[PDB]
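Colleague: model the structure of this input:
(chains A, B, C and D)
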4 protein chains.
Amino acid sequence: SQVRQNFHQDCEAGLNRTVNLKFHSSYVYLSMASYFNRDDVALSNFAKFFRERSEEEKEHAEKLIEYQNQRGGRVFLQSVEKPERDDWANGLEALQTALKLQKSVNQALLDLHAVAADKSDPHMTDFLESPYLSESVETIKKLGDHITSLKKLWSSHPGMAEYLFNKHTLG
Amino acid sequence: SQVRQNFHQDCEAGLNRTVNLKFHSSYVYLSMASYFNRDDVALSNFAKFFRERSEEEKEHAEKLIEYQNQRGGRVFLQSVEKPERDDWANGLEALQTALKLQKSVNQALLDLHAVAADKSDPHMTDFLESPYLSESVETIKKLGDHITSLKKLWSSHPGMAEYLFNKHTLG
Amino acid sequence: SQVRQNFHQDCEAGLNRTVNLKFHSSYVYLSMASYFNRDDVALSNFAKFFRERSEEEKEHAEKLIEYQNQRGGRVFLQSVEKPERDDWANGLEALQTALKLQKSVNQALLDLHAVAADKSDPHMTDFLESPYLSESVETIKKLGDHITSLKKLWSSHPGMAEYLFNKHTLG
Amino acid sequence: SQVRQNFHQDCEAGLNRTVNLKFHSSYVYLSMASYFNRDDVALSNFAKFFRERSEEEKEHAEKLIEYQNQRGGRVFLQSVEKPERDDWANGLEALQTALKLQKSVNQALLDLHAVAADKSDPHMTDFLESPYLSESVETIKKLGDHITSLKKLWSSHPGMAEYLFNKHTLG
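Modeller: Numbers count the residues shown, from 1 in each chain, chains lettered A, B, ... in the order given. Pasting the structure now:
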């Protein structure tokens, strides 16, 4: 590419691997959103929350593809594996799964950042820091807070816990 | 000081002692605010409430310093002792601690007022009455009310108590 | 903490040490502001300037506490040592002291940044760079400029120097 | 008087004595204002400043007369002695004289307040506290500040001192 400069093959490859990860996360959130809209689950604000997370992950994936093109790298798309589950049990289990998902995506971004740093690519480390790394920790803190609040309510009554949380925290 | 008139040394000293007390209270509230923002506590409106109390105590301290200068007294700042605890247990314990703190600060203001009265300084007694003494009793009444409401909820479920109070009273 | 990830103990500790430093700086500036409001000093714009510096240092301290919570670290507050002096001599001596203070705080931020870099924490190095490190150098340059201008005037008449500078540069 | 209640003869008399004092102060300030408007003095902002002080003292005198009537006391006006000087030397000497005048008026208000307190008249002590006692200390602090600033300039050149102060502080 006539545009390529100081762009290492490992960074190009890591980038392609990361967009797949982001699409997979988006897909997991979409599954969760759909689950909460089921007539036998009916937690509309949990659904809304996960739907928003889904769209955010999707937009990140698209921005990474755009970054690949900007640097003169070549995009290679892979199949997107379906979520690990189709039933997410309940609001608390879904939140806990999301925290685990967010931390694995954060680790992937940190690993990619380390590759860019090792290859001395300041443009890429800068790109990864904001907003990718920053949004990750913000989301992780938010999910941790949510889990704590829901757990407090859970100890009294799980049925009422989900209903009240859906209304007061997610509404 | 060319400006000094009817300003007794004991009032000057009491004033310096009181600004330290006010800074210490501010610091205690800041500690509480930070505690409620912890991911494992997550009561944002309790945090907000204590953050506001912190700023109010800080502004009072600054107004007392300003009063010292106005009367021709000389400000002497002392080290600000850290809060007695770093962990505040829960919303109810924090509220009860704040009531105790507010009453000790109120007593200090009453003692200072008595010194000013004894020395026949009507400018200072007037200054202390509004808004210092008035805000103290208003805050004390507010905290007493809060404690009563939270205790009512506590008897059912502490987890749900803090969650509901954080949302409905402090939100 | 369920939220903690890639957050080293040394960074957590350095953070707690830095908030204390920031509170101490705020306290030093407050002392200076109060000194310039004395009837026998009477340089209102110097007071205003240091009052603003005080509030800025305080807000930085609070943002660092907030950052600690975001990463899953635990805040530990220590006593805030009183300023080294209660009398700041004059406008020039105060400015020179502030430059020295700013450079020591800058060094602390640089040392903390180095710890974060050593531990491979890109989220923290990024956080420290803007606005902390950037504001430091901006403030340092501003103070250096002020000192130079005041020194030019000082050589003629210190009394007139402070009066004119208070009005034209700080006003 | 059908309206009189808890109004002691000594308070009534002190009130009449104080309105005369206030008229005399107003007259002194008027003399100063006129002096600074002389073609051979020509400090328009010093004149403006003293003119304002004159009007303030006059309005206080009128409010005290009004208070006398409100309580059922009877107003007795006495001759207003002319100022002690017709020539006020310079801006610094005038400022120093005003500080001395303000402190003597403040003492008179404090003495009157003490009489009201001794006679258990809370309506009168309250009336005297705001705005009379409060304005006195504010004015005293302001004059002390002004004197300090002008003295700083005086040490360099008195001619330039008055000119610059007239423009920058009083303008």
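Colleague: residue contacts, residue A:156?
Modeller: By Cβ atoms under 8 Å, 6 or more residues apart in numbering or on different chains, the contact set of residue A:156 is B:156-157, B:159-160. From N, CA and C alone the C-beta is placed, and that goes for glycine too.
Colleague: next up, phi/psi of whichever residue of chain A sits closest to chain C, please.
Modeller: Here chain A gets closest to chain C at one residue, residue A:144, 4.0 Å apart by Cβ to the nearest Cβ. When read as degrees, to the nearest 10, the backbone of residue A:144 gives phi -60, psi -40.
Colleague: can you redo the contacts of residue A:156 as TSV with distance to residue D:53?
Modeller: As requested, these are exported to TSV (distance: Cβ to Cβ, whole Å):
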residue	distance to residue D:53
B:156	66
B:157	67
B:159	65
B:160	64
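Colleague: for PyMOL, what selects the buried ones among the residues you listed?
Modeller: Selecting the buried subset of the contacts of residue A:156 in PyMOL, with 16 or more other Cβ atoms under 10 Å in any protein chain shown as the burial test, is done by:
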select buried, chain B and resi 157+159+160
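Colleague: in helices, which of the contacts of residue A:156 appear?
Modeller: B:159-160 (DSSP state H).
Colleague: what residues does chain A put near chain C?
Modeller: A:99, A:103, A:106-107, A:110, A:113-114, A:117, A:125, A:128-130, A:133-134, A:137-138, A:140-141, A:144, A:147 (Cβ under 8 Å from any Cβ of the partner chain).
Colleague: how about the helix or strand hosting residue A:100: buried residues?
Modeller: If you go by DSSP states H and E, residue A:100 is part of helix A:91-118. Using 16+ other Cβ under 10 Å as the test for burial, helix A:91-118 gives A:91-92, A:94-99, A:101-103, A:105-106, A:108-110, A:112-113, A:115-117.
Colleague: kindly report the same for stretch A:57-77.
Modeller: Buried-residue list, stretch A:57-77, by 16+ other Cβ under 10 Å: A:57-58, A:60-61, A:64-65, A:67-68, A:71, A:73.
Colleague: how about it as CSV, C-alpha atoms only?
Modeller: The C-alpha trace of stretch A:57-77 is given here as CSV (Å, rounded to 0.1, in the frame of the first residue of the first chain):
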residue,chain,number,x,y,z
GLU,A,57,-19.6,-3.0,20.3
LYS,A,58,-20.7,-3.0,16.7
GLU,A,59,-19.7,0.6,16.1
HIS,A,60,-16.3,-0.1,17.7
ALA,A,61,-15.8,-3.0,15.3
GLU,A,62,-16.6,-0.7,12.3
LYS,A,63,-14.1,2.0,13.6
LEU,A,64,-11.3,-0.6,13.8
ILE,A,65,-12.0,-1.7,10.2
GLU,A,66,-11.8,2.0,9.2
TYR,A,67,-8.5,2.3,11.1
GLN,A,68,-7.1,-0.7,9.3
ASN,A,69,-7.9,1.0,5.9
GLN,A,70,-6.4,4.3,7.1
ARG,A,71,-3.1,2.7,7.9
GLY,A,72,-2.9,0.8,4.6
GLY,A,73,-3.6,-2.6,6.2
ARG,A,74,-6.0,-5.0,4.6
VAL,A,75,-9.3,-6.1,6.3
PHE,A,76,-10.0,-9.8,6.6
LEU,A,77,-13.3,-10.7,8.0
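Colleague: what about the strands in chain A?
Modeller: Here chain A has no strands by DSSP state E.
Colleague: hey, where'd the helices end up in it?
Modeller: Using DSSP H, helices in chain A cover A:9-36, A:44-70, A:91-118, A:122-127, A:134-154, A:158-168.
Colleague: for residue A:147, give its distance to residue C:106.
Modeller: 39 Å (Cβ to Cβ, to the nearest Å).
Colleague: thinking again about what came up before, now the helices of chain A in CSV, with distance to chain D?
Modeller: What follows is the helices of chain A, written out as CSV (distance: least, Cβ to the nearest Cβ, whole Å):
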stretch, distance to chain D
helix A:9-36, 61
helix A:44-70, 53
helix A:91-118, 55
helix A:122-127, 48
helix A:134-154, 48
helix A:158-168, 46
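Colleague: mind putting those into CSV with distance to residue A:84?
Modeller: Shown next, in CSV, are these (distance: least, Cβ to Cβ, whole Å):
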stretch, distance to residue A:84
helix A:9-36, 8
helix A:44-70, 15
helix A:91-118, 8
helix A:122-127, 30
helix A:134-154, 18
helix A:158-168, 22
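Colleague: to residue D:151, which of those helices lies closest?
Modeller: Comparison of these against residue D:151 by Cβ to Cβ identifies helix A:134-154 as nearest, at 55.1 Å.
Colleague: how about the closest residue to residue A:106 other than its chain neighbours, what does it touch?
Modeller: Using Cβ to Cβ, 6 or more residues apart in numbering or on different chains and skipping the chain neighbours, the partner closest in space to residue A:106 is residue A:136 (4.3 Å). Going by Cβ under 8 Å, 6+ apart, residue A:136 touches A:102, A:105-106, A:109.
Colleague: how about residue A:87?
Modeller: Per Cβ under 8 Å, 6+ apart, neighbours of residue A:87: residue A:35.
Colleague: can you pull the contacts of the closest residue to residue A:147 other than its chain neighbours?
Modeller: Spatial nearest neighbour of residue A:147, excluding adjacent residues (Cβ to Cβ, 6+ apart): residue A:95 at 5.0 Å. Going by Cβ under 8 Å, 6+ apart, residue A:95 touches A:143, A:146-147, A:150.
Colleague: in a markdown table: those residues, plus neighbour count and distance to residue C:11.
Modeller: Formatted as a markdown table, the contacts of residue A:95 follow (neighbours: other Cβ atoms under 10 Å in any protein chain shown; distance: Cβ to Cβ, whole Å):
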| residue | neighbour count | distance to residue C:11 |
| --- | --- | --- |
| A:143 | 23 | 22 |
| A:146 | 22 | 25 |
| A:147 | 22 | 24 |
| A:150 | 26 | 29 |
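Colleague: tell me the residues of chain A that contact chain B?
Modeller: That would be A:141, A:144-146, A:148-149, A:151-156, A:160, A:164, A:168, which are the residues of chain A within reach of chain B (Cβ under 8 Å from any Cβ).
Colleague: state the pair within those that is farthest apart.
Modeller: Among the residues of chain A next to chain B, A:141 and A:160 lie farthest apart (Cβ to Cβ), at 25.9 Å.
Colleague: mind listing what the residue lying closest to residue A:132 once chain neighbours are set aside touches?
Modeller: Nearest non-adjacent residue to residue A:132, counting by Cβ to Cβ, 6+ apart: residue A:109, 5.5 Å away. Contacts for residue A:109 (Cβ under 8 Å, 6+ apart) come out as A:18, A:128, A:132-133, A:136.
Colleague: neighbour-wise, which one of these leads?
Modeller: Within the contacts of residue A:109, most neighbours by other Cβ atoms under 10 Å in any protein chain shown means residue A:128, with 26 neighbours.
Colleague: that one and residue A:105, how far apart?
Modeller: 12 Å.
Colleague: residues in contact with residue A:101?
Modeller: A:25, A:28.
Colleague: go again with 10 Å.
Modeller: Contacts for residue A:101 (Cβ atoms under 10 Å, 6 or more residues apart in numbering or on different chains) come out as A:21, A:24-25, A:28-29, A:32, A:53, A:57, A:83-84, A:143.
Colleague: same check on residue A:37?
Modeller: Contacts of residue A:37 by Cβ under 10 Å, 6+ apart are A:43-44, A:46-48, A:50-51.
Colleague: dump these into TSV; add neighbour count as well.
Modeller: As requested, those are arranged in TSV below (neighbours: other Cβ atoms under 10 Å in any protein chain shown):
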residue	neighbour count
A:43	22
A:44	14
A:46	25
A:47	20
A:48	16
A:50	26
A:51	17
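Colleague: now do the shared contacts for residue A:128 and residue A:105.
Modeller: Contacts common to residue A:128 and residue A:105, judged by Cβ under 10 Å, 6+ apart, are residue A:18.
Colleague: perfect, I'm done here.
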